[PDB]
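[1] when you get a sec, could you give me coordinates for this:
(8 chains)
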Amino acid sequence: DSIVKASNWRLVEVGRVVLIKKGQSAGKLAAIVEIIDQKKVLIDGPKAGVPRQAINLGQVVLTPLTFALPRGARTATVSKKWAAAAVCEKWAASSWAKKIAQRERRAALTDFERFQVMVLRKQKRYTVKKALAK
Amino acid sequence: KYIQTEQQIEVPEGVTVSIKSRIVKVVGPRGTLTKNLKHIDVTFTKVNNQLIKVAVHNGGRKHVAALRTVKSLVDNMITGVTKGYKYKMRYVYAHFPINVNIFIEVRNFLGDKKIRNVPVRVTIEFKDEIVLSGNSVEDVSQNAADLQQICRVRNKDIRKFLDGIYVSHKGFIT
Amino acid sequence: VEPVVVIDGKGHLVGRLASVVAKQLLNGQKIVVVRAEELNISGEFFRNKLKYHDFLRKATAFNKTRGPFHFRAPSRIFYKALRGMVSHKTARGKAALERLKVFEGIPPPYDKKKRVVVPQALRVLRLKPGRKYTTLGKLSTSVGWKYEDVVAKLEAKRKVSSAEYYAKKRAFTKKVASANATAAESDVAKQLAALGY
Amino acid sequence: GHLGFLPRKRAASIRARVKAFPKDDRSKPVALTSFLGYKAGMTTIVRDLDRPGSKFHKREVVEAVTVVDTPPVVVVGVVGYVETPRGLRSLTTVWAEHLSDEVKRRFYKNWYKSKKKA
Amino acid sequence: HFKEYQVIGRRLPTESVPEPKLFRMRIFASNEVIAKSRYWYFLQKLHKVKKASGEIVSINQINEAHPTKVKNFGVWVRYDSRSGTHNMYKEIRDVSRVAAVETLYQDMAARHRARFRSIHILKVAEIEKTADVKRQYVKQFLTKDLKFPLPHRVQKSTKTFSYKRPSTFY
RNA sequence: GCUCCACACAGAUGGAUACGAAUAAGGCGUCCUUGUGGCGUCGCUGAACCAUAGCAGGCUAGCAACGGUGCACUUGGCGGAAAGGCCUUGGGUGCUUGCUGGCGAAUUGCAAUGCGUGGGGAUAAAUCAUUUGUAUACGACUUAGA
RNA sequence: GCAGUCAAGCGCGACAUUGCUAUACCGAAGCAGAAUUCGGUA
RNA sequence: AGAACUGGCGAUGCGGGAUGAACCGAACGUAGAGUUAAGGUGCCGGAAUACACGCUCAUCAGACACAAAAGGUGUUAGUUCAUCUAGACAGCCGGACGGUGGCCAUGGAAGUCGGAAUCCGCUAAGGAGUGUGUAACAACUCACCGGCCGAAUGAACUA
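    Numbers count the residues shown, from 1 in each chain, chains lettered A, B, ... in the order given. There you are, the coordinates:
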């Protein structure tokens, strides 16, 4: 009987899908191909659209999702492995991508849509309050 | 700079190790020992339920020192829990007999009226020799050191005068 | 953004926190600092203790009282640190300082109100890992502060019954989430989900 | 002289105020700690010293003493103090239903001309 | 951003010496003017040719063959400092020669305090196979199945006040 | 302080929306042998949650809920660190945009946001006067006299 | 100081070297005890 | 101390430099809009708690050329050599001999209180001995090899 708790870290490695935080391809997924050094990692996001390049780890944030990928894979092989792993489907199901989509939708809302949202929220609150205390 | 350096600790079938945030706990036949390592900044893993790894990432020699000493401390704790540690000291006197009563009090040391007392932090048992045993190595060792360091022969020749109590033997209780 | 901002000073750098508080004060923002005794300063304890002595060693000969004043309370130390960052001896500076309040712990009614932190001033976010640091409370106790015991004693009571308040809030949110779930999948809920809500 | 007894300025209050009190005991029963009195006179005292191995052991010794008038003290109320970061604070005070004439006079500077509205 | 340039000079050919040795070398610089100046300085120092009788036959920019291929670069550098000039060799794991030379210049300006003024790039070469690297810090990244975390990430804050007590977990 | 007479009138405009602890770790739900336990789940900023419709927010008729909310009461509890605030039982009185109708907007003309003093009546206290020293150069201080 | 050997380096040049001209508390001493000497805190 | 030639001052305001005679830019009518120099961008102080690579814990650091030649089991990078899967450094175990107790010195000194040479036989390995120690032997030993061990290690220099 042994216990080792709270040791889950998102290791950076080959095949580690990542999300770009800053740069031209900000907000676009990328996959780490080969690690250059402690501060430089090669990434490829052909499915997303970002061209293959060496990016600084400070400009990108890792993600929990992972998939197998041969070291130093080319663009074609990286895209093939990305399609096979279907990491996109897992990404959407995660609450992180859902939060991103919700934020984008809220930023894309209109004044009339905002009024409709307000009315629907009022109705939902009335229904919830009626349900409560019963 | 080292990308990742790890050290291994064995887990005998007779003990169980429960690891959370750096605080470390050990359980075994002789009892349970716990220690705090929140200031050491190391990580632990459960590789196969029988071996415990301590690793440091992007740590230099300064951090590697703590990385390695973590293994030594854990091994010492495991050995103490499984078997324990024993310490002994010898009574030597030329003219004035030394009487010791258990807190441990030393009387009639070099004809000194004052009674030197060393608090007990570890057990006392018995030739003219004391036996100290305890699960924690640090506690028993510090008690022995304090016992040896209270008998200071101030303003006297070190070589000529040998009266006092000194550590003689070390080993496991088993 | 908020008529009054309560900043939790625990685990914060004195320098950055004081600078940001002074800058906000110059902008017309009221700020209240709490848990001053928990404030941290970079460097080992001895260096901070030595630094304190060399600023109070300059006692004026003819008039010590009218000269430098040495305050031991952590709140007083924080105010002195922030005071130098503001253009004092002027009406604009004097007015700004009136918007700042420093207390040890969280005296009421601030104990029942929300508090915030400054990410850029967090000790655990700026200092390099494994580096030595000093605690303002311990330094104040060493240099003469005598209220650390009472401060800790009545701060422990602050956590007491506030854990119970949080437990009650969690129990209420349990029912709130249950009501939201049972109200889900409805036409209004579906429309809200489509509209980003 | 003694820097600890400076500055040498006139005392503001004629009656000396106690700065500290004996440490409280949580096991001993409730008991008093201080008493009030008035100094009155001085005289000589002689006795025999029982101090062991002394120059005057089991033999007479003389010195000077003083006498303080200590009439019985009567309580008038109880004061409670709480622990606060800024120092001990008095939150509530309760006084007795009846008070002595001297106590009432103490709260007056023109007692003869005042209405004695104690 | 550094750039790689090729410069060739043949000292203004005169009678009885047509088409001289035509000294050739590769110069790393941020612009053509700096590349030409560095080429002139190198010719004056190493060789006996000066700009008085010199001539720039042609200057061209060389682009790395595989800008998306990770390589181990071995660089021989001769630089001058407060003490006497001495040779130096270093190994860099980069993607392109330009990036490798830029990192070398940054390291020299950081550690040895040597700047672009007193640094010479003798040769840049690619290490083909493993076990030819002679630097431990470069061998560090050559281990098979290399995985490591990024503890204590320095998250950036866009607002002065944050009601979250952010955690540096990664 | 009580009473009668004469006279004046550094910066709100949604909500400062309450745990603690670690940051080489943490919360939330659930389960069990009740443990530094098992599973799922979340961060990667507050770009968040409540509320936000009505001549600056009126009148009035119905439907469905009987819930939400302002008001003075009313039973009780908590808050001494700067408690002075947090609620909680019962009813009453209004709104309810939760839902469906009928009335007015205009001319403002294309915008210059749109609560003590001074004169009396009575009554609590203080200074001097007076006088004792415990204080004393003079200030100042401790006392006594309906 | 004068005169000679030096020689990591740059005819100059390193460590050695040859002739005159208070109280109190700790560490060491062949501290047997006392007494004493040398170093440190102040 | 006194002279010879040469650029600013002096007759000179402005910005920057905590202030400024030997410092930088800029040499001047009264106004509006815009772009800059030196100098700056955590507050005082108008401007990024910008990016990237490395460095330093300093018990009086640091942000200002003499005392600076050297010292440090402080740290990060380089150069010249030695060992190296014929087994790298390190930690334990074993061997660590015979003439011999070399000659002289002897109150007793046998490698280690002293003086002068340092050999053969060898064996994978013995200095007629690097130390602790006894009035002398006794006992341990490092340097020298072997065995258990498993990859890079060591000596000297430069930043």
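
[2] can you count the residues close to the closest residue to residue B:102 other than its chain neighbours?
    Spatial nearest neighbour of residue B:102, chain neighbours left out: residue B:124 (5.3 Å); criterion: Cβ to Cβ, 6 or more residues apart in numbering or on different chains. Yep, even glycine has a C-beta here, placed from its N, CA and C like the rest. As a burial measure, residue B:124 scores 14 neighbours (other Cβ atoms under 10 Å in any protein chain shown).

[3] phi first, then psi, for residue B:124.
    Note on residue B:124: backbone dihedrals following degrees, to the nearest 10 are phi -120, psi 130.

[4] can you give the distance of stretch E:24-44 from its chain's centre?
    For stretch E:24-44, the separation from the chain centroid amounts to 13 Å (computed by Cα atoms, centre = their mean, to the nearest Å).

[5] buried ones in it?
    The neighbour-count check on stretch E:24-44 (16 or more other Cβ atoms under 10 Å in any protein chain shown) flags E:25, E:27-29, E:32, E:34-36, E:38-40, E:42-43 as buried.

[6] what does that stretch rub up against?
    With contacts defined as Cβ atoms under 8 Å, 6 or more residues apart in numbering or on different chains, stretch E:24-44 is touched by E:1-9, E:23, E:49-51, E:54, E:56, E:59, E:62, E:98, E:101, E:120-121, E:124.

[7] over to stretch B:52-66?
    Residues outside stretch B:52-66 that contact it (Cβ under 8 Å, 6+ apart): A:2, A:4, A:38, B:1-11, B:17, B:19, B:40-47, B:67, B:70-71, B:74, C:130, E:148-149, E:151.

[8] could you give me the buried positions within it?
    For stretch B:52-66, the buried set under the neighbour-count rule, 16+ other Cβ under 10 Å, comprises B:52, B:53, B:54, B:55, B:56, B:57, B:58, B:59, B:63, B:66.

[9] could you pull out the strands in chain E for me?
    Here chain E has its strands, by DSSP state E, at E:3-9, E:23-29, E:56-61, E:71-79, E:86-94, E:119-127.

[10] which helix of chain E spans the most residues?
    helix E:32-46 (DSSP state H).

[11] ok and that one relative to strand E:71-79, angle-wise?
    Here the directions of helix E:32-46 and strand E:71-79 differ by 60 degrees (axes from the mean of the first three to the mean of the last three Cα atoms, to 10 degrees).

[12] now helix E:32-46, how far from the centre of its chain.
    The chain centre lies 16 Å from the centre of helix E:32-46; the measure is Cα atoms, centre = their mean.

[13] re the thing from before, now the contacts of stretch B:52-66: which count as buried?
    For the contacts of stretch B:52-66, buried by 16+ other Cβ under 10 Å: A:2, A:4, A:38, B:2-3, B:5, B:7, B:9, B:11, B:17, B:19, B:40-44, B:46, B:67, B:70-71, B:74, E:148-149.

[14] what is the nearest of the buried residues of stretch B:52-66 to chain E?
    Nearest to chain E among the buried residues of stretch B:52-66 is residue B:57, at 5.4 Å by Cβ to the nearest Cβ.

[15] quick one: residue D:36 is in a strand?
    No. With DSSP: H, G, I helix; E, B strand; the rest coil as the criterion, residue D:36 is assigned coil and is not in a strand.

[16] okay, the closest residue to residue B:46 other than its chain neighbours and residue B:51: tell me how far apart.
    In space, and not counting its chain neighbours, residue B:46 is closest to residue A:4: 3.8 Å by Cβ to Cβ, 6+ apart. As judged by Cβ to Cβ, to the nearest Å, residue A:4 and residue B:51 stand 11 Å apart.

[17] ok so, going back, contacts only, for the residue nearest to residue B:46.
    B:19, B:44, B:45, B:46, B:52.

[18] who's in contact with the first one?
    In this structure, residue B:19 makes contact with A:2, A:3, A:4, A:5, B:25, B:44, B:46, B:52, judged by Cβ under 8 Å, 6+ apart.

[19] do the third one as well
    With contacts defined as Cβ under 8 Å, 6+ apart, residue B:45 is in contact with A:4, A:7, B:52, B:53, B:55.

[20] specify the local secondary structure of the third one.
    Following three-state DSSP, we place residue B:52 in the strand state.

[21] now do the phi/psi pair for residue D:87.
    Torsion angles, degrees, to the nearest 10, at residue D:87: phi 120, psi 170.

[22] and residue C:180, that one's in a helix?
    Yes. Counting by three-state DSSP, one finds residue C:180 located in a helix.

[23] gap between it and residue C:186?
    Separation of residue C:180 from residue C:186 (Cβ to Cβ): 11 Å.

[24] ok, residue C:159 next?
    41 Å.

[25] let me see the contact set for the residue of chain B found nearest chain C.
    Residue nearest to chain C within chain B (Cβ to the nearest Cβ): residue B:41, separated by 5.4 Å. Neighbour list for residue B:41: B:22, B:56, B:63, B:66, C:129, C:130 [criterion: Cβ under 8 Å, 6+ apart].

[26] so it versus residue B:56, what's the distance?
    Applying Cβ to Cβ to residue B:41 and residue B:56 gives a distance of 8 Å.

[27] skipping its backbone neighbours, what lies nearest the residue nearest to the spatial centre of chain E in space?
    Geometric centre of chain E, nearest residue: residue E:101, 1.5 Å, by Cα atoms, centre = their mean. Spatial nearest neighbour of residue E:101, excluding adjacent residues (Cβ to Cβ, 6+ apart): residue E:28 at 4.9 Å.
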